[PDB]
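Read the single chain below, which is given as structure tokens and is the form deposited without the ligand.
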């Protein structure tokens, strides 16, 4: 129930997921907390993406091995093991950016998103058209 415009680029190397909204890099902390930071020297912003199926990815911390995941109430968290809450539909947006929709809650359009203050957005609060959901994958 979603378009299938996919972004270029591959998953060969790790990446930083830069959010245009506030200019924060998606960060996965050791305690499982998820947020954003502007500090490019941070050791928890290096992410390795992998495709489980065409257009479906896992997003993992290279530093801690944790998987980005969105829970039943729309909150992002770091998971120690891969589960259905760790799969995201990676799509092109505005002919330029990358967006990540929770596969588990795809029917409700719950996106991975960062606010201007660097805090994560809760699933139900995200939607097409926001800058919070637009990411650019940059080399590490």
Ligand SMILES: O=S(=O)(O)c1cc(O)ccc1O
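Positions refer to the first chain, counted from 1.
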> Between 93 to 101 and 58 to 66, which has the higher average C-alpha B-factor in the PDB entry?
Replying inline: 58 to 66
> Per the entry, where is the mean C-alpha temperature factor higher: 41 to 49 or 104 to 112?
Replying inline: 41 to 49
> If you rank the chain by CA B-factor, which third does residue 87 end up in: lowest, middle or highest?
Replying inline: lowest
> What third of its chain, lowest, middle or highest, does the C-alpha temperature factor of residue 76 fall into?
Replying inline: lowest
> When the modelled residues of the chain are sorted by Cα temperature factor, does residue 133 land in the lowest, middle or highest third?
Replying inline: lowest
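Below, we turn to the form solved in complex with the ligand, even though it does not appear here.
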> Applying a 4.5 Å heavy atom distance criterion, does residue 17 contact the ligand in the deposited complex?
Replying inline: no
> Are all three residues 33, 44 and 60 in contact with the ligand in the deposited complex, where contact means a non-hydrogen atom within 4.5 Å?
Replying inline: no
